[PDB]
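Student: only geometry, no sequence info:
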Ligand SMILES: *[C@@H]1O[C@H](CO)[C@@H](O[C@@H]2O[C@H](CO)[C@@H](O)[C@H](O)[C@H]2NC(C)=O)[C@H](O)[C@H]1NC(C)=O
Ligand SMILES: *[C@@H]1O[C@H](CO)[C@@H](O[C@@H]2O[C@H](CO)[C@@H](O)[C@H](O)[C@H]2NC(C)=O)[C@H](O)[C@H]1NC(C)=O
Ligand SMILES: *[C@@H]1O[C@H](CO)[C@@H](O[C@@H]2O[C@H](CO)[C@@H](O)[C@H](O)[C@H]2NC(C)=O)[C@H](O)[C@H]1NC(C)=O
Ligand SMILES: *[C@@H]1O[C@H](CO)[C@@H](O)[C@H](O)[C@H]1NC(C)=O
Ligand SMILES: *[C@@H]1O[C@H](CO)[C@@H](O)[C@H](O)[C@H]1NC(C)=O
Ligand SMILES: *[C@@H]1O[C@H](CO)[C@@H](O)[C@H](O)[C@H]1NC(C)=O
Ligand SMILES: *[C@@H]1O[C@H](CO)[C@@H](O)[C@H](O)[C@H]1NC(C)=O
Ligand SMILES: *[C@@H]1O[C@H](CO)[C@@H](O)[C@H](O)[C@H]1NC(C)=O
Ligand SMILES: *[C@@H]1O[C@H](CO)[C@@H](O)[C@H](O)[C@H]1NC(C)=O
């Protein structure tokens, strides 16, 4: 109820709809496992790291079979078939090639580690801001109005489950900026003026709940001859 | 068209990006921030602006009694934008830097092909038409090594630039999500002052 | 033919890239321009081998004259083996500037089309009308983020020279590249550990759930640890660990 | 050149990854909404010029 109050909805909305909200949450949680299992490439981000590491290691290992313009790629064959004075010429090219391969591998590893660190920092920020509290940033902890989040661990990564509130079943209404009464203007404290066609009420933001216009939810603050589009009607006490 | 160097076109054309921008503008004009979290809900513009003033700590009667002045100020500020953009000489240097860097890198890579790398000539046809197989490999190897080194340097530079480009793109996406589809309370994130819209 | 004004003493012609582009015929004084012959790359468009074995071929940045439905000119090049349709769908296989390819039953074939940005909508804006929601829905979404990667270490002597003393003596002359390599690898490993430490070690207390699992009608059994299994993981965690496999 | 190895495979992989990332950047930045909204024919918004 407090979390709903944090997004602009009163507590009585929850307290009168607890069972429906619980059932919807249970169904949404139940659908998650099927959604994860059915999707073929749902976890490609975690597989990419393993694939890249394996490919880099395989390439580094396979590079050892090159001759680099020498008689052979095996040191034992050169040592058992030759003598010191003419072995260095063959050895130098192999040394240079293997050093170049090692340098390339190290540079690639550093480049990948930078991006991995950036992703880890983003994940830490998301864990701090979406799990330990309620965030008002748009599209930061899901799509819609954020309520809460749950963390889960995965091989080399984290998974966040975001719970959000989505409006539905909208309706047409006629509205006015202010209400004129006894030569005085009236503005809503919180909410908006609304009319079903013959009578005027005041309602809240994201849930239709009309109320009788009264001095307890409006303030005068001005005159009637300044506001554009003002509509005059009775205000009760 | 160079020697084995090709430029690929982007997947999305400029017209599609313009259509996306127009759709975003129409949505934020007609529905406020409602379309960014669900179905789009209609609302008059002055009421939306009054709600936005209420979001920064100012009552609605302040807007409803000063609508014409606010509209005139907004119109003048919008009108000054084109002149401000046109008069400034280096207003769009960030976008020109990418093109300049790409052109410079391509030009350097192309120009590197004229080096000899300690050989008799930098043209393979001249070596082939003036010599025989047994003594051509010695000249060919140095050229091969030099060109391979140049290619590796170019690729490393391209990766280094792409990292920063990705960081900038992520920042732009976050700004679009937080300043256009809603109202932000973060200080100096969507302008200077108290943010209203974007 | 060339429209280049050669003075009576030039013979060749170069450009910014310093390559030959004009030449004069020794027998008859006449300037001629030289252009490189057409070249490009070839891309193969295909669905999964489980679906079908039909393919399409794209020659990148080529006019179709140089190379049934084999003829269709796009801004990305020449496309062979696909048919173009007026219709618009969500992009399946990107090709070029707004052109996508798909495998459609139409029988089954490969078609090319222009991608669609979405469904057109128009809200009836008015300056005395509003729209107010009357009901709500609770949604749950998932997000996946990588944290760390594998930590590796490399030995110079065994990888480059193995057990050859002469090779090690020769390599000793080059310098101290291996110290830099070892420092870089050690730093990478330490950073990999620090990433997980920062991400997961947020709280200093180990909290435990009450034995009675009643929370006003809310089910959390799918995310709470399962005591029956040995490793004490939630079913969702079990599925995640089973799906990701080398 | 065939004797040297498989540097060109790595170069091609890097370039292809760069191109795919370049496309993904624009896709993430600009494809935020799934609906194409249109402005009403009457351009009156309480006195505001757009
Ligand atoms: C708000 O939406 C919910 C979700 O559809 C509605 O709950 C359903 O209502 C129908 C109509 O009788 C029932 O057949 C379903 O069994 C309900 N579902 C659940 C999970 O209870 C709810 O009625 C809507 N509220 C209003 C006021 O229209
Ligand atoms: C919370 O949800 C779980 C998951 O649906 C429920 O576990 C099911 O319980 C029924 C009834 O005993 C069994 O037939 C199913 O086989 C169970 N599913 C699984 C995956 O074990 C659990 O009962 C729910 N909690 C409550 C209090 O109802
Ligand atoms: C909104 O602003 C534009 C830009 O100033 C106005 O367009 C001008 O209109 C006047 C009067 O017709 C012309 O003399 C100018 O040449 C127009 N400028 C341009 C750049 O086209 C437009 O009239 C304004 N809208 C309203 C309703 O007044
Ligand atoms: C609100 O009014 C507009 C204009 O007539 C209409 O198109 C729309 O369907 C109405 N909203 C609902 C929920 O019916
Ligand atoms: C509008 O609400 C008033 C107050 O209850 C009611 O008397 C009237 O019948 C309503 N009008 C319609 C069209 O429902
Ligand atoms: C109330 O509104 C009506 C309709 O605009 C108007 O004719 C009438 O004069 C208003 N009442 C007063 C006291 O001005
Ligand atoms: C291909 O060549 C024809 C030959 O005249 C020409 O008309 C056409 O414009 C060329 N297409 C492109 C894309 O250059
Ligand atoms: C594709 O479809 C529309 C349908 O009328 C047609 O008018 C358009 O010109 C077509 N474009 C072609 C054939 O290039
Ligand atoms: C907006 O209000 C004006 C009153 O000046 C009116 O003329 C116009 O019709 C209104 N807009 C629409 C779409 O009805």
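Tutor: Structure's in. What do you need? Numbers count the residues shown, from 1 in each chain, chains lettered A, B, ... in the order given. Ligands and ions are numbered 1, 2, ... in the order given.
Student: contacts, neighbours, all on C-alpha from now
Tutor: Will do.
Student: Can you mark which positions in the lengthiest strand in chain A are buried?
Tutor: Secondary structure assigned by DSSP state E gives strand A:157-174 as the longest strand of chain A. Of the residues in strand A:157-174, A:157-168, A:170, A:173-174 count as buried by neighbour count, 16 or more other CA atoms under 10 Å in any protein chain shown.
Student: And that strand, what does it pack against?
Tutor: strand A:145-154, strand A:192-195, strand C:129-146 (3 or more CA pairs under 8 Å, 6 or more residues apart in numbering or on different chains; DSSP states H and E).
Student: Mind putting these into a markdown table with mean neighbour count and distance to chain B?
Tutor: Output for the helices and strands packed on strand A:157-174, formatted as a markdown table (neighbours: other CA atoms under 10 Å in any protein chain shown; distance: least, CA to the nearest CA, whole Å):
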| stretch | mean neighbour count | distance to chain B |
| --- | --- | --- |
| strand A:145-154 | 21 | 7 |
| strand A:192-195 | 20 | 9 |
| strand C:129-146 | 18 | 5 |
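Student: The longest strand of chain A close to ligand 1?
Tutor: No. Strand A:157-174 lies apart from ligand 1 when judged by CA under 6 Å from any ligand atom; the minimum separation is 7.7 Å.
Student: contacting residues around residue A:207?
Tutor: Residue A:207 makes contacts with A:9, C:132, C:133, C:134, C:135, as judged by CA atoms under 8 Å, 6 or more residues apart in numbering or on different chains.
Student: 7 Å - rerun?
Tutor: Each residue near residue A:207 by CA atoms under 7 Å, 6 or more residues apart in numbering or on different chains is listed here: C:133, C:134, C:135.
Student: Which of those sits closest to ligand 1?
Tutor: Ranked by distance to ligand 1 (CA to the nearest ligand atom), the contacts of residue A:207 are led by residue C:135 at 5.0 Å.
Student: the strands in chain A, which residues?
Tutor: Secondary structure of chain A (DSSP E): strands located at A:145-154, A:157-174, A:179-181, A:184-188, A:192-195, A:200-203, A:218-219, A:231-232.
Student: Nearest to residue C:176, out of the ones you listed?
Tutor: Distance to residue C:176, taken as CA to CA, is lowest for strand A:157-174 among these, at 36.0 Å.
Student: Residues in contact with that closest one: which ones?
Tutor: A:46, A:141-153, A:194-196, B:38, C:128-148.
Student: Is that strand in proximity to ligand 4?
Tutor: Yes. Counting by CA under 6 Å from any ligand atom, ligand 4 is contacted by strand A:157-174 at A:170, A:171, A:172.
Student: need those in CSV with distance to residue A:58, can you?
Tutor: CSV is the format used below for the residues of strand A:157-174 next to ligand 4 (distance: CA to CA, whole Å):
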residue, distance to residue A:58
A:170, 58
A:171, 62
A:172, 64
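Student: Return the member of the residues you listed nearest to chain C.
Tutor: The nearest member of the residues of strand A:157-174 next to ligand 4 to chain C, counting by CA to the nearest CA, is residue A:170 at 3.7 Å.
Student: Just list whatever residues bridge to that closest one.
Tutor: Taking DSSP bridges as the rule, residue A:170 bridges to residue C:133.
Student: which stretches of the chain form helices?
Tutor: In the absence of a named chain, this looks at chain A. Per DSSP state H, chain A carries helices over the ranges A:2-6, A:11-15, A:18-38, A:44-62, A:75-81, A:84-126.
Student: you looked at the wrong chain, it should be chain C
Tutor: So, for chain C - with DSSP H - the helices run C:156, C:165-172, C:177-200, C:235-243.
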